[PDB]
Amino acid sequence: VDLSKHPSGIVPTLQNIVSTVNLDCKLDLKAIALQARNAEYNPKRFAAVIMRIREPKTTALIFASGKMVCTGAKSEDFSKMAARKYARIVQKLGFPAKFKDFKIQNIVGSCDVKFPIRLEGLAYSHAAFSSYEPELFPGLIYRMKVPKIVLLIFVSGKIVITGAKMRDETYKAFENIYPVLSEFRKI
């Protein structure tokens, strides 16, 4: 439990990685769809072949421009590992795929701070950043500015941390908010 990087003693667990990659060749989406079993394609709803693999369980959206977005992994390494497996698939189906400019694009994390949270008290004294309409959505949307991270804060004490590009942004965001959430420990 590394105290320096996380004085709270709680580390958020990563829940979803969104990465993209440039295969750098033009693809026949219809041919890929016919020859692949794990690939769906309806171009009149969405211009991407949706491919899914089980290990690591991820979903790829592959486009005729040769751009691919990989989604569903729970680590950046698993995102790159999955993105490679997709690129080898299209290679074996007869396309000169490359692996150019792989970039994590969005990381989703979550954790628990163990204590219930008085949401109405935080939505008031942090009205500049908070948006809390419980009849619409039971969590309050907290828009942190440095780092530019959105937090979903719930009464139970569970929080969602989104919008980060690097996991250190997720870790830094959680602990800019933890001493805040401590002031609103519900009785």
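In this text, residue numbers run from 1 along the sequence as written.
In this entry, the higher average B-factor at the C-alpha atoms falls on 32-40, of the pair 32-40 and 146-154.
When 2-10 is weighed against 178-186, 2-10 comes out higher, by mean CA B-factor as recorded in the entry.
In the deposited coordinates, the residue among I104, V108, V113, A73 with the greatest CA B-factor is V113. For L93, the recorded CA B-factor ranks within the highest third of the chain. Only modelled residues enter the ranking. Among all modelled residues in this chain, the alpha-carbon of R52 has a temperature factor (C-alpha) in the lowest third. Split the chain's modelled residues into thirds by C-alpha temperature factor. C25 is in the highest one.
Among all modelled residues in its chain, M166 ranks in the highest third by Cα B-factor.
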